[PDB]
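Chains as they are written, first to last, in the authors' numbering: chain b, 3 to 472; chain a, 3 to 472; chain c, 3 to 472; chain d, 3 to 472.
For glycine and all other residues, C-beta sits at the position ideal for the given N, C-alpha and C.
Laid out in structure tokens, this is it:
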């Protein structure tokens, strides 16, 4: 009796005869110390329609000052279900809320909405007042530390600041700040534990405020002990993850790869196969990749929305090596649906990247809206000669289905292309005890590996595959 | 011969066919290196009525200046047994004693009683005196560091302080301080090792006093090295535990979960099943969750009084993984009775949440007041095929009972619903040596798990369940 | 059944009968947890022509201010494909970009190329201005920290600096800095985390800038806690590797050897056989050795372009001891083709040293341009007496070839010279499953070692050699 | 089958019946993971004459300012092969180069030569100038930090310094510095990472320069955290090694022994037998012991030139315990030939101590000049009763010899005096595969130990001695 792990499956690709492992499609990994194994695999939760909105999502941020979720969701702003304002422009926006403003920052101007009901835009002080009158530019990203905002001019080292008393003007005396570590544009900006993180193309630098008590004297001073020496590939390739940012490396460095910021250095978390997938996209296509973080139950996910891949990293389940996963909607290869996830109340609300709708995650159903989904599992290739496998017994938990869904399994002799697909039912609507197995698998000549296609709209749980090897 | 652990039992739920473990209800876990196993399970101590009071318990605090226990317990304040004052308002109060006051802080005002016999209320300085005249608001929580009080204005960043010479006024010159790292109202306040801990909705900030020796010059300065970056779900979800506060995460963060503050970060202490239970409550219903701490013998408990669950965490018994427990009063599902545990003299004085009475814990009886209690134990599911179990022999300690109570045991084949209940007596009033066992259990087809219902009003001790597997 | 590792093979040389190991020629090492072994060996990617340029490569640098790759590549400068200026001089050049000019620094003068379209040169301030008028000399290397350049004069301790406003003049008041623990010329200069690293002949010293706010008062102050106490052999024997520089030791110390800078000391990374190869060159020949860093997939390679050796160090694959490799072009011994590797877009663009052409790396082809290449693998010597080896079966992955290429294997009895070469086909153009093995190897008298010559222009993968020893 | 190590052999001496181990004379130890054992033993490289010089070697120092090796070598100074100056006096000199001088420091005055062609001597400032006019004394050792020299007055605590502008005078205002922790003369001086190390008879002190910017105000201040509390036995018994100096303890401390300086303390590196050898010399005779450092291939050797012993310590090969070795020239007991080893170009240039000649090391020959050499190996004593050893087979590498040299082996029964010498040829001029073994060794009564005399002028390699024990 041998046990075949399915938490990650090895294989090879026909393009250049290289060994690349097949990530488990559309199913997560949980360690739970199951009956005879250690850990069970559960399908991703299913999406159900909640509200109808103007368009495809373009941004989200959980306002802390007011207990509500803000999202532009296409044509115009939304607070939960309410309308509360209009935003102009198509693309993706970066939001940073405030005590008395929202600061959507669409297009190249720092548009900030007010809780009173008025709309304002950040611009230079009036010439009649008699202030410094800086030279502002286009805006890319937004943040907020203490009581003021901070944006970065497009394609230039300098990033500006926001005044305290009047929040719609740069400042009275001192607002011009520069990175100056290496010559590089500011790809993005962010905040981390009272530090203003400056995401450059090649470097990352931390700024800490100091007590000036003087007119125009260096409110923020750059800290050089915490430099990372690596950049970010795109504007939105950064998230708050664990206590770090977990960016994606820029093409300026050796090669694009996922990372995680340490104390003063970046530690990789992406396997070679993941970087092989990342390298498939050109430089321009890489810059349009969104990143997020999601935490439900004991999981801590890190989702990367690449143009054709929705790779997902599970931090808790990566006990021995990284655990990556890929998500897709259609039966064939397609991009996942639902871009911005955010925890509202006691539910998780997702957006949508193609349809003008918003939906919530549901745990007892595995269908996105009202369409069935494909789930895949891959067993790593094994080299056994002249053996005969008979009892392949995967163990499932059943009883939350609406139809007796079936399972397709197949075997590879060369590791690239599969044989016939055998049809076994793996779920029954109200049977809580049943056995899923295949009685005869036959001789294996040189090497064999398995596949476990499942097409359902009900939760799928599989844990522990064993075969009687002789 | 196989030994079956009972400290925690695995299972699955019928709603979504997920593997959730069954916590052992109403009995603690103690490691003591027993005859043949390591650890024994003992029932929770039973409540007995001590005094009759005005109403349902609403607060408790062990006054240190005077060796006595204060509790409002409904209609009016109480010091031990005496009346000593009246408090108005229904709900829950936050209590913080003083050298010359008690500061119940009911409703939205800091009502503070005096040992002399007079009642005062914190209010602005008289306009005739000529002081700074702050603008106070509603009060949520109270604390005391050095000779000063500290309260937080409701729904706003700012938290105030109390003057030294006249402790019924904010201060002479400098009393308004604010959090400000992020825009978030102060959910709660507390003290920890000369630091005034500021519990925000999204962040946690530590304030340390400095020597001013000046008129209105920053008595307290915020320390930014000790930020936690996580909020608290409700007003009363915090409790000094060990050397930290052990809060509950806010919905603003990815998902609600229990935590413990470290040096500068929070470390989770809740299993996935515990967070699944916590997510069952809506956001508004979660804010009414009280937490406490209790320490008797070698135990160190952390009790969470959710609306429908009384989850208990045992710090000392969590050698390999967390050890959570749930308490309930009725034979069916119900919430535990007795809110506030405080150690007075050599006894523990529990409150009440459904009747106008106060009671003390007793160790040699397992009945709350004069009613019997239910105790359950779940054995984790095992996968053995075609085997037969014969001798299931749990080992109990007897001789402190009033009647020969019986024990109900049953088995599951699918892990959800149980079979027939077999009745075995597990205790005899004055017999110190007897066996508790069942001679035949029969074949197990695929998998089996057990249950050990006990209904007594006498102490229940069980340690070590073994079955002759073949 | 025994398994023979091929990642590194031991042997001896006929010159002085010493045990020197044979590094795997032109094949990398990757740990991947292959079917029955741990790791597989894959050929280096092949070069394909991309552009036609003026001459052999002479320098490269990835401009960060403008997203493009700059390379002189012979007669005149190039930005990607465009001409954009002319450069004078033959040899090797040191490049350091800027935020207004490029800078090439040929001969002994800092020729800089401004983007506007003009060319400038660093020279003393005009005498009419009235400044300090330093005494400049011949330049060796260039770098840039903050908004200013920094160069070192030829054969002297002192290294100068560049003015802020005008970057074509040394400075207004303070530009003379000198190294000077020990009397040594500055072989090279470089930057590392806001420190201007001064590479001397015998020591390495770190300079950190300080806030002057004064006329000519010590802009840069030397830090003595970070001195390394070892020099660099040549001008270009330094790269940014990991977080350190990984130089080559100077003959001033005991013997030349590769190193890596630590916190305050150098840690060797070269085996004894590598230092034997390094010592083969005279002092003058070693000074013309280039070094680089390249990172594709999970690799982190350090390439040394010695006059007759192209040694490569793979950091990721060196789990147990250093993993060195050597590359060569012709069927006989010859130096590798392709000087400078840089990552542009999503491809890697290699230079050249014998032709006026530039090329890009391709992964599915193993031929440089359109000529076949040699790959070698050596098995370490084993001492087995009177045994008989029969089933020598190496495991390849096939199906991406253009012709049924064959493999040559042979055995040594004395460890110096090889026996007959047996031809076995190891790859078929479109067959994905086949066995590569030899059925009879015969008796071994005292000791034996194998060889796996392959000549292909298609990817070569071999992983795991097993022989039936009896 | 048993394997007998030869890296170090145990025995006893007839003088006092104490167990002393026999160090392997004239052959090094290298760990390389050989066919069946871990490590092989290779003979020391042979000396060959390169140049003819004036007389016996007296000093050496690798000038860094000019890429050339300086050595007095008896009658008059030498730069490489050129004459370039004359030095008077017989004995040993302490050499410390400079940016514009060489500072041989012979006899009692700091004789310093100049690159221009003139000779100067350190002496007091002229009385007409009007300076502080110190009282200099005899000089023992020389060093150089920054632009200053530093010498020590003979028999006194004080050590002086050298002026910057005119380096042939003590200083303008402040040059008198002193040790003073304990009353002890300065035996020697040295530099280490910007610290002027002061080697006393009983203590060691580190001096760090400070910014004076004042007339005669404490240029150097003594650091007391880095005291070692141990002296050095002789003037030249110290040497930069690794990152420390590795001195020899003074007779003032409990006993003479070798050491290595740590962070703030000395750690011994000498076995008991080595200290037994060191104690054989009287106090006066020990003061004439020279020490050096040499690094070729992976070795890092520390050579001590005692009057009758040439003990050598190998740092890299001391995996389990220290690895000491002894070198000798003649067939009988004699002192090694060649004092000063320095790495010039790609070769090592050894000195001489008995003839007026200088020579270079050569790796493929084992003869010093043109005379054969003796090599010994001792196997540690084993206690086996009534056993019989038959097949003693050492494994050698051959084929670089000029004649079929023979090997002498013998056995001890009491561990002091040896039996008959059996002659086996161990090398053949051009045979790369041969076996060296003895077929019968006979019964061993109580205990036995072996010996492996080899007399050749060709490289000797032996690795792995095994005997069939019964």
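So, residue 74 of chain b versus residue 90 of chain b, is the Cβ gap smaller than 8 Å?
no
Chain a contact residues for residue 392 of chain b, given Cβ-Cβ distances below 7 Å:
For residue 392 of chain b, none of the residues of chain a pass the 7 Å Cβ criterion, the least Cβ distance being about 15 Å.
Beta carbon proximity, residue 36 of chain b to chain a, threshold 8 Å
yes
Report the rounded CA-to-CA distance for residue 465 of chain b versus residue 393 of chain b, giving the unit in angstroms.
16 Å
I'd like the list of long-range same chain contacts for residue 385 of chain a, defined as Cβ closer than 8 Å, with 5 residues on each side in sequence excluded.
448 and 449, listed in sequence order.
Does the beta-carbon distance from residue 123 of chain a to residue 112 of chain a come in below 8 Å?
yes
Could you tell me the distance, in whole angstroms, from the CA atom of residue 144 of chain b to the CA atom of residue 376 of chain b?
39 Å
Which residue wins for smallest C-alpha separation from residue 363 of chain b, given the options b:357, b:371 and b:5?
b:371
Can you tell me where the beta strand (DSSP E) with residue 397 of chain d in it begins and where it stops?
394-398
Candidates c:471, c:222, c:463 and c:78: which alpha carbon is nearest residue 29 of chain c's?
c:463
Check the C-beta distance from residue 191 of chain a over to residue 161 of chain a and give it rounded, since I have them as a contact under 8 Å.
Contact flag correct, Cβ pair sits at about 6 Å.
Quick check on residue 144 of chain d: does DSSP put it in helix, strand or coil?
Looking at residue 144 of chain d - three-state DSSP - the assignment turns out to be strand.
Output needed for residue 146 of chain c: all residues of its chain with C-beta closer than 6 Å, excluding positions within five of it in sequence on either side, in chain order.
98 and 100
Mind listing the chain c neighbours of residue 183 of chain b? Cutoff is C-beta to C-beta under 8 Å, in chain order.
148 and 196
Using a cut-off of 8 Å between C-beta atoms, extract the partners of residue 256 of chain b located in chain c.
295, 296, 297, 298, 302 and 345
Assess, as a yes-or-no matter, whether the region 427-447 of chain d is touched by the region 345-362 of chain d under the definition of 3 or more beta carbon pairs within less than 8 Å.
no
List the residues of chain b that residue 387 of chain a touches, going by C-beta distances under 7 Å, in chain order.
Simply none; closest approach about 10 Å.
List, in order along the chain, the chain c residues whose C-beta lies closer than 7 Å to that of residue 382 of chain d?
Chain c residues near residue 382 of chain d: none, gap ~23 Å exceeds 7 Å.
Is there contact here, the region 243-256 of chain d with the region 216-224 of chain d, by at least three beta-carbon pairs under 8 Å?
Here the region 243-256 of chain d makes no contact with the region 216-224 of chain d; the two share fewer than three CB pairs at distances below 8 Å.
Counting pairs of beta carbons, one from the region 414-422 of chain a and one from the region 9-20 of chain a, are three or more of them closer than 8 Å?
yes
Could you pull the DSSP bridge partners for residue 121 of chain c from this structure?
c:115
Please list the terminal residues of the continuous alpha helix (DSSP H) segment that includes residue 274 of chain b.
Element bounds for residue 274 of chain b: 274-280.
Output, in chain order, the set of chain c residues within a Cβ distance shorter than 7 Å of residue 2 of chain b.
Nothing about residue 2 of chain b can be read from this structure; chain b reaches only from 3 to 472.
DSSP has residue 499 of chain c in a bridge; who is on the other side?
Outside the modelled stretch of chain c, which goes from 3 to 472, sits residue 499 of chain c, for which no answer is possible.
Start-end ranges of the beta strand (DSSP E) lying completely within the region 380-439 of chain a, minimum 3 residues:
389-391, 394-398, 408-414 and 424-427
Among the candidates b:356, b:105, b:78 and b:468, whose CA atom is the shortest distance from the CA of residue 396 of chain b?
b:468
Coarse secondary structure for residue 137 of chain c, derived from DSSP in three states
Note: residue 137 of chain c maps to coil in three-state DSSP.
Have a look at b:342, b:301, b:231 and b:246 and flag the residue whose alpha-carbon is nearest the alpha-carbon of residue 194 of chain b.
b:246
Among b:282, b:327 and b:347, which one has its Cα closest to the Cα of residue 281 of chain a?
Considering only alpha carbons, the answer is b:347.
Compare the C-beta of residue 415 of chain c against all C-beta atoms of chain d and say whether one is closer than 8 Å.
Judged by the 8 Å Cβ criterion, residue 415 of chain c is in contact with chain d.
Output needed in chain order: residues of the region 44-78 of chain d with a Cβ under 9 Å from some Cβ in chain c.
44, 64, 65, 66, 67 and 69
With 8 Å as the threshold, decide whether the Cβ of residue 470 of chain d is near any Cβ in chain c.
no
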